[PDB]
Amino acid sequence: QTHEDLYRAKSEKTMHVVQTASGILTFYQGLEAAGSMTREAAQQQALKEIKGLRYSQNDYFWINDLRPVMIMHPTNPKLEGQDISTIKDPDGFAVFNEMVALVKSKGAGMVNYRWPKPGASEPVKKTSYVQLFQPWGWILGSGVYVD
């Protein structure tokens, strides 16, 4: 039983909630591909639904693109529609740029950074799984705060 095994286990949870939530993207992208909704309407519906999802103690999902611009953020909604390339956490970690570089290399993975908790302002350590949804150029993310 390795260190690698312990970390693989804890983060599988995060991976699996993101995979679950990404089925909404899948569903709506299918409606686009079939011609039943426009892309932008499929997008907006998918975001609306993912915005309300929660698990555990108020853990949530966000979506940013590869530019990176924030597409949907349920707890920091004033980031929506903004270029988030210049955001850095207190350790100097370039949160969204790193997420983009990660998914461009591997598709998905784990990243650690500091971020406020919902309705708070103090950046707290967080470990997130991010996953590229390729047809729309969207990164879907969720993570868990160290406490």
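Just count from 1 along the sequence shown to find any residue number.
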Ranked by mean Cα B-factor in the entry, 32-40 and 66-74, top stretch is 32-40
As the entry reports it, the stretch among 123-131 and 5-13 with higher mean C-alpha B factor is 5-13
On the chain's distribution of Cα B-factors, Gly107 falls within the third called middle
In terms of its chain's C-alpha B-factors, the third that includes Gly81 is the lowest
Temperature factor at the Cα of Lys51, chain-ranked in thirds, falls in the middle
